[PDB]
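Consider the single chain below, provided in structure tokens and representing the form deposited in one PDB entry.
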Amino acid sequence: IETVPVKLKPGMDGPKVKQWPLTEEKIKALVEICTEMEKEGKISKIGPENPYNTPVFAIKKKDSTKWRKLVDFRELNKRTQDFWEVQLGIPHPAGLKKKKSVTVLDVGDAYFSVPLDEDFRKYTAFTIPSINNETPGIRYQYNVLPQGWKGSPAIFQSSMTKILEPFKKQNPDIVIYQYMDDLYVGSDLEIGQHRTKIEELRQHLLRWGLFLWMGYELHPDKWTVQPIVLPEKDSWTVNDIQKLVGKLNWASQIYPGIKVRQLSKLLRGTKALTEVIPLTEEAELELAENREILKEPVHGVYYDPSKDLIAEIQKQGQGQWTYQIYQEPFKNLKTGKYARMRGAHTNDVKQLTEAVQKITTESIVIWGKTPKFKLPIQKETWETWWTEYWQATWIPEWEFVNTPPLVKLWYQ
């Protein structure tokens, strides 16, 4: 019933981010949605004395025919004070990524029960735009905790903690994690009893006083990892050996004692690319020693919570995508590969967007925050289309790579 005081960082004014064009279908949904949220006191109309603005649009969650409102609080979030709570900083549950099955819940409606600080409400202003700027946009501001904002989980954390107490004392093995509007619940239980404990939990939430019906089941214990592998051939062409040396030369930036001398000695002379070359003894040994090295982990690879996670993604063709998460170059914390077919067989951008979401979800489970993406796509193509395929309640950061990386085939 009482609001917790919220302010911004010293020297920073509220967000003034342009609203980007929305389609007719998304505008109608946002109008229909904001009409009801105003009747529920969740939002209120505002005037021209409010200069602040934050983009907004509409999505459909995983297998649903009902629109969801999504606000891009990325600017407000990096401008709102580093909201430390009475928690002194929650240590990210390192057992979450070890559980057999993790389900992800949407507890966003829970935030709508807690009021927002009056002096801070002006900063959550957003515009429902009109087609062709015919009518003026409809301006609203939030009166409660908004979905997407960084302060919403922090503030509600005091409330959320004592809501799940009867469930946590009863089930002391289940690991529960909260990021933004999503609740991550992992367990070693069988999927059948898992879905019941989940259904028990959402009924335990509905009873306490709070669309929380949709579930997103992961499997961290079955998650993809990638060591560096070299080919095993009975006959090597000059081209085969040339690609091998290239890959080993690159891997030497990562691993210490990688040698290519004996292998290069095979390439001496000017031969045809398709000419078969028999390996010498010293060469097979060198290749053997190099395999050994690659099997061991990378030396000195740690995670620093004070640094940014960076994700790089390569298009491999035929629907496959590789990716690497790191903080330091050649110091990969995580690598992976995709080949999904979720209705994107003829669309690169939809695949990339699902890839970015899948990688972000993984990143939240492992380290408890989102990576800075580096996408193999022109800025203009991505900015035109990513909202049409986005289904996650959060939004990572991203930049764009325009020069073809040579290291594309060394990860395939």
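C-alpha atoms forming the largest set that superposes within 1.5 Å between two forms make up the rigid core. For every residue, the number given is its place in the sequence shown, counted from 1.
For residue 211, the record comparison shows coordinates absent in at least a third of the other entries of this protein that model its neighbours. Counting the deposited residues that fall between residue 277 and residue 278 and carry no coordinates gives zero.
The mean Cα B-factor in the deposited entry runs higher for 215 to 223 than for the other of 304 to 312 and 215 to 223.
A summary of the deposited B-factors shows that, of 334 to 342 and 186 to 194, the stretch with the larger mean C-alpha value is 186 to 194. For the set 319, 137, 329, 91, the maximum C-alpha B-factor listed in the entry falls on 91. Residues shown: 179, 208, 236, 323. Highest C-alpha temperature factor in the entry: 208. In the PDB entry, a CA B factor belonging to the highest third of its chain's modelled residues is recorded for residue 65.
In the PDB entry, residue 250 places in the lowest third of its chain by CA B-factor. Per the PDB record, residue ranking by Cα B-factor puts residue 259 in the middle third of the chain.
Placement of the Cα temperature factor of residue 243 within the chain: lowest third of the modelled residues, per the deposited record.
Residue-level temperature factors show residue 269 in the middle third of its chain, judged at the C-alpha atom.
Same protein, other form: the form deposited in another entry, not shown, and the subject of what follows.
Per-residue Cα shift between the shown form and the other one after core alignment stays below 2 Å for all of 158, 193, 280, 113 except 280.
Relative to the superposed core, residue 341 undergoes a Cα shift of 2 Å or more between the shown form and the other one. With the core held fixed, residue 98 shows a CA shift below 2 Å between the shown form and the other one. Here residue 236 counts as shifted, since its C-alpha moves by at least 2 Å between the shown form and the other one after the core is aligned. A change of 3 Å or more separates the two forms for residue 88 and residue 397: their C-alpha atoms lie closer together in that other deposited form. Distance between the C-alpha atoms of residue 87 and residue 176: longer by at least 3 Å in that other deposited form than in the displayed form.
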